[PDB]
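Peer 1: First, the structure itself, so that you have it in front of you.
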Amino acid sequence: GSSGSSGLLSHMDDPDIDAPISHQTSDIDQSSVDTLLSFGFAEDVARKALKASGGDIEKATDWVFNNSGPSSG
């Protein structure tokens with residue numbers, strides 16, 4: 001549960017204009033998974049919800065409820 005940001009200098013195109021390698025990690029933003037971590041969910045489910053929802057927290061927050069199981073072994 002944390003995040004930050006800062007810096008400005010004509011940045012309109014990509015956060016990294018020098019890396020011919022498909023962005024790492026699924027579309028599921030890491031910051032998002034955390035956004036749910038604070039809410040009150042397991043990072044795992046945070047990704048599962050953001051996996052079906054797709055970043056959309058409001059959807060992820062629901063996904064958790066919509067579907068989910070006890071414990072995770």
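Just so we're on the same page: first chain in the structure tokens is A, next is B, and so on; residues restart at 1 for each chain, and ligands are numbered from 1 in the order they show up.
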So that I can check the surroundings of stretch 42-55 of chain A, please list as an NGL selection string every protein, DNA and RNA residue that reaches within 12 Å of it, counting only C-alpha atoms and ignoring chain neighbours fewer than 3 positions away.
Peer 2: :A and (1 or 25-39 or 58-73)
Peer 1: Could you please write out, as a PDB file with N, CA, C and O atoms, in the first residue's frame, every residue of chain A that DSSP assigns to alpha helix (DSSP H)?
Peer 2:
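Below is the file that was written, result.pdb:
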ATOM      1  N   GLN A  30       1.251  -3.053 -11.561  1.00  0.00           N
ATOM      2  CA  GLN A  30       1.700  -3.434 -10.233  1.00  0.00           C
ATOM      3  C   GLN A  30       1.108  -2.491  -9.183  1.00  0.00           C
ATOM      4  O   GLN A  30       0.714  -2.928  -8.103  1.00  0.00           O
ATOM      5  N   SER A  31       1.064  -1.215  -9.537  1.00  0.00           N
ATOM      6  CA  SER A  31       0.527  -0.207  -8.639  1.00  0.00           C
ATOM      7  C   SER A  31      -0.933  -0.526  -8.308  1.00  0.00           C
ATOM      8  O   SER A  31      -1.386  -0.282  -7.191  1.00  0.00           O
ATOM      9  N   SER A  32      -1.627  -1.065  -9.299  1.00  0.00           N
ATOM     10  CA  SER A  32      -3.026  -1.420  -9.126  1.00  0.00           C
ATOM     11  C   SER A  32      -3.161  -2.507  -8.059  1.00  0.00           C
ATOM     12  O   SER A  32      -3.898  -2.341  -7.088  1.00  0.00           O
ATOM     13  N   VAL A  33      -2.441  -3.598  -8.276  1.00  0.00           N
ATOM     14  CA  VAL A  33      -2.473  -4.714  -7.345  1.00  0.00           C
ATOM     15  C   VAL A  33      -2.346  -4.182  -5.915  1.00  0.00           C
ATOM     16  O   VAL A  33      -2.928  -4.742  -4.988  1.00  0.00           O
ATOM     17  N   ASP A  34      -1.582  -3.108  -5.783  1.00  0.00           N
ATOM     18  CA  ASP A  34      -1.371  -2.496  -4.483  1.00  0.00           C
ATOM     19  C   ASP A  34      -2.619  -1.703  -4.089  1.00  0.00           C
ATOM     20  O   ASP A  34      -3.026  -1.717  -2.928  1.00  0.00           O
ATOM     21  N   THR A  35      -3.190  -1.031  -5.077  1.00  0.00           N
ATOM     22  CA  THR A  35      -4.384  -0.234  -4.848  1.00  0.00           C
ATOM     23  C   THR A  35      -5.453  -1.068  -4.139  1.00  0.00           C
ATOM     24  O   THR A  35      -6.294  -0.525  -3.423  1.00  0.00           O
ATOM     25  N   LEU A  36      -5.386  -2.372  -4.363  1.00  0.00           N
ATOM     26  CA  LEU A  36      -6.339  -3.285  -3.754  1.00  0.00           C
ATOM     27  C   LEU A  36      -5.755  -3.827  -2.447  1.00  0.00           C
ATOM     28  O   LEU A  36      -6.496  -4.250  -1.561  1.00  0.00           O
ATOM     29  N   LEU A  37      -4.433  -3.796  -2.368  1.00  0.00           N
ATOM     30  CA  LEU A  37      -3.742  -4.278  -1.185  1.00  0.00           C
ATOM     31  C   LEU A  37      -4.175  -3.450   0.026  1.00  0.00           C
ATOM     32  O   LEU A  37      -4.373  -3.990   1.114  1.00  0.00           O
ATOM     33  N   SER A  38      -4.309  -2.151  -0.201  1.00  0.00           N
ATOM     34  CA  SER A  38      -4.716  -1.243   0.857  1.00  0.00           C
ATOM     35  C   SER A  38      -6.196  -1.448   1.182  1.00  0.00           C
ATOM     36  O   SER A  38      -6.575  -1.527   2.350  1.00  0.00           O
ATOM     37  N   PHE A  39      -6.996  -1.528   0.128  1.00  0.00           N
ATOM     38  CA  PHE A  39      -8.427  -1.722   0.287  1.00  0.00           C
ATOM     39  C   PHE A  39      -8.722  -2.812   1.318  1.00  0.00           C
ATOM     40  O   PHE A  39      -9.479  -2.591   2.263  1.00  0.00           O
ATOM     41  N   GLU A  43      -2.815  -9.761  -2.307  1.00  0.00           N
ATOM     42  CA  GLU A  43      -2.130  -9.379  -3.531  1.00  0.00           C
ATOM     43  C   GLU A  43      -2.483 -10.348  -4.661  1.00  0.00           C
ATOM     44  O   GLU A  43      -2.581  -9.946  -5.820  1.00  0.00           O
ATOM     45  N   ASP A  44      -2.663 -11.605  -4.285  1.00  0.00           N
ATOM     46  CA  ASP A  44      -3.003 -12.635  -5.254  1.00  0.00           C
ATOM     47  C   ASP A  44      -4.355 -12.306  -5.888  1.00  0.00           C
ATOM     48  O   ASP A  44      -4.471 -12.237  -7.110  1.00  0.00           O
ATOM     49  N   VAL A  45      -5.345 -12.113  -5.027  1.00  0.00           N
ATOM     50  CA  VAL A  45      -6.685 -11.793  -5.489  1.00  0.00           C
ATOM     51  C   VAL A  45      -6.667 -10.435  -6.193  1.00  0.00           C
ATOM     52  O   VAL A  45      -7.416 -10.215  -7.144  1.00  0.00           O
ATOM     53  N   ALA A  46      -5.805  -9.559  -5.699  1.00  0.00           N
ATOM     54  CA  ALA A  46      -5.679  -8.228  -6.269  1.00  0.00           C
ATOM     55  C   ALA A  46      -5.323  -8.345  -7.752  1.00  0.00           C
ATOM     56  O   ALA A  46      -5.750  -7.526  -8.563  1.00  0.00           O
ATOM     57  N   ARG A  47      -4.542  -9.370  -8.061  1.00  0.00           N
ATOM     58  CA  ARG A  47      -4.123  -9.605  -9.432  1.00  0.00           C
ATOM     59  C   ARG A  47      -5.194 -10.393 -10.188  1.00  0.00           C
ATOM     60  O   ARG A  47      -5.378 -10.204 -11.389  1.00  0.00           O
ATOM     61  N   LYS A  48      -5.875 -11.261  -9.452  1.00  0.00           N
ATOM     62  CA  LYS A  48      -6.923 -12.078 -10.038  1.00  0.00           C
ATOM     63  C   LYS A  48      -8.082 -11.179 -10.473  1.00  0.00           C
ATOM     64  O   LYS A  48      -8.628 -11.347 -11.563  1.00  0.00           O
ATOM     65  N   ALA A  49      -8.423 -10.242  -9.599  1.00  0.00           N
ATOM     66  CA  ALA A  49      -9.507  -9.317  -9.881  1.00  0.00           C
ATOM     67  C   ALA A  49      -9.097  -8.391 -11.027  1.00  0.00           C
ATOM     68  O   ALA A  49      -9.898  -8.106 -11.918  1.00  0.00           O
ATOM     69  N   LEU A  50      -7.850  -7.947 -10.971  1.00  0.00           N
ATOM     70  CA  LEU A  50      -7.324  -7.059 -11.994  1.00  0.00           C
ATOM     71  C   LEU A  50      -7.019  -7.867 -13.257  1.00  0.00           C
ATOM     72  O   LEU A  50      -6.750  -7.298 -14.312  1.00  0.00           O
ATOM     73  N   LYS A  51      -7.071  -9.183 -13.105  1.00  0.00           N
ATOM     74  CA  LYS A  51      -6.804 -10.075 -14.220  1.00  0.00           C
ATOM     75  C   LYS A  51      -8.065 -10.207 -15.076  1.00  0.00           C
ATOM     76  O   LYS A  51      -7.992 -10.179 -16.304  1.00  0.00           O
ATOM     77  N   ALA A  52      -9.193 -10.345 -14.395  1.00  0.00           N
ATOM     78  CA  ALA A  52     -10.467 -10.481 -15.079  1.00  0.00           C
ATOM     79  C   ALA A  52     -11.008  -9.091 -15.421  1.00  0.00           C
ATOM     80  O   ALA A  52     -11.577  -8.889 -16.492  1.00  0.00           O
ATOM     81  N   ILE A  57     -10.127  -0.957 -11.099  1.00  0.00           N
ATOM     82  CA  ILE A  57     -10.221  -1.294  -9.689  1.00  0.00           C
ATOM     83  C   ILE A  57     -11.683  -1.566  -9.330  1.00  0.00           C
ATOM     84  O   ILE A  57     -12.010  -2.628  -8.802  1.00  0.00           O
ATOM     85  N   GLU A  58     -12.524  -0.587  -9.631  1.00  0.00           N
ATOM     86  CA  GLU A  58     -13.944  -0.707  -9.346  1.00  0.00           C
ATOM     87  C   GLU A  58     -14.454  -2.089  -9.759  1.00  0.00           C
ATOM     88  O   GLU A  58     -15.318  -2.660  -9.096  1.00  0.00           O
ATOM     89  N   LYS A  59     -13.896  -2.587 -10.854  1.00  0.00           N
ATOM     90  CA  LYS A  59     -14.284  -3.891 -11.363  1.00  0.00           C
ATOM     91  C   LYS A  59     -13.579  -4.981 -10.551  1.00  0.00           C
ATOM     92  O   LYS A  59     -14.173  -6.015 -10.249  1.00  0.00           O
ATOM     93  N   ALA A  60     -12.325  -4.711 -10.221  1.00  0.00           N
ATOM     94  CA  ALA A  60     -11.534  -5.655  -9.450  1.00  0.00           C
ATOM     95  C   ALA A  60     -12.152  -5.816  -8.060  1.00  0.00           C
ATOM     96  O   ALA A  60     -12.307  -6.933  -7.571  1.00  0.00           O
ATOM     97  N   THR A  61     -12.488  -4.682  -7.462  1.00  0.00           N
ATOM     98  CA  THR A  61     -13.085  -4.683  -6.137  1.00  0.00           C
ATOM     99  C   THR A  61     -14.360  -5.528  -6.128  1.00  0.00           C
ATOM    100  O   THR A  61     -14.703  -6.131  -5.111  1.00  0.00           O
ATOM    101  N   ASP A  62     -15.028  -5.548  -7.273  1.00  0.00           N
ATOM    102  CA  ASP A  62     -16.257  -6.311  -7.408  1.00  0.00           C
ATOM    103  C   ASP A  62     -15.915  -7.775  -7.696  1.00  0.00           C
ATOM    104  O   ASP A  62     -16.463  -8.678  -7.067  1.00  0.00           O
ATOM    105  N   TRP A  63     -15.012  -7.962  -8.646  1.00  0.00           N
ATOM    106  CA  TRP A  63     -14.590  -9.300  -9.025  1.00  0.00           C
ATOM    107  C   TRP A  63     -14.373 -10.107  -7.744  1.00  0.00           C
ATOM    108  O   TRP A  63     -14.848 -11.236  -7.629  1.00  0.00           O
ATOM    109  N   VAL A  64     -13.655  -9.497  -6.812  1.00  0.00           N
ATOM    110  CA  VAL A  64     -13.369 -10.145  -5.544  1.00  0.00           C
ATOM    111  C   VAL A  64     -14.664 -10.720  -4.967  1.00  0.00           C
ATOM    112  O   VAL A  64     -14.709 -11.884  -4.573  1.00  0.00           O
ATOM    113  N   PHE A  65     -15.686  -9.876  -4.934  1.00  0.00           N
ATOM    114  CA  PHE A  65     -16.977 -10.286  -4.411  1.00  0.00           C
ATOM    115  C   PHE A  65     -17.701 -11.205  -5.397  1.00  0.00           C
ATOM    116  O   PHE A  65     -18.114 -12.306  -5.036  1.00  0.00           O
ATOM    117  N   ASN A  66     -17.833 -10.718  -6.622  1.00  0.00           N
ATOM    118  CA  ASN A  66     -18.501 -11.482  -7.663  1.00  0.00           C
ATOM    119  C   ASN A  66     -18.091 -12.952  -7.553  1.00  0.00           C
ATOM    120  O   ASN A  66     -18.945 -13.834  -7.480  1.00  0.00           O
TER     121      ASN A  66
END
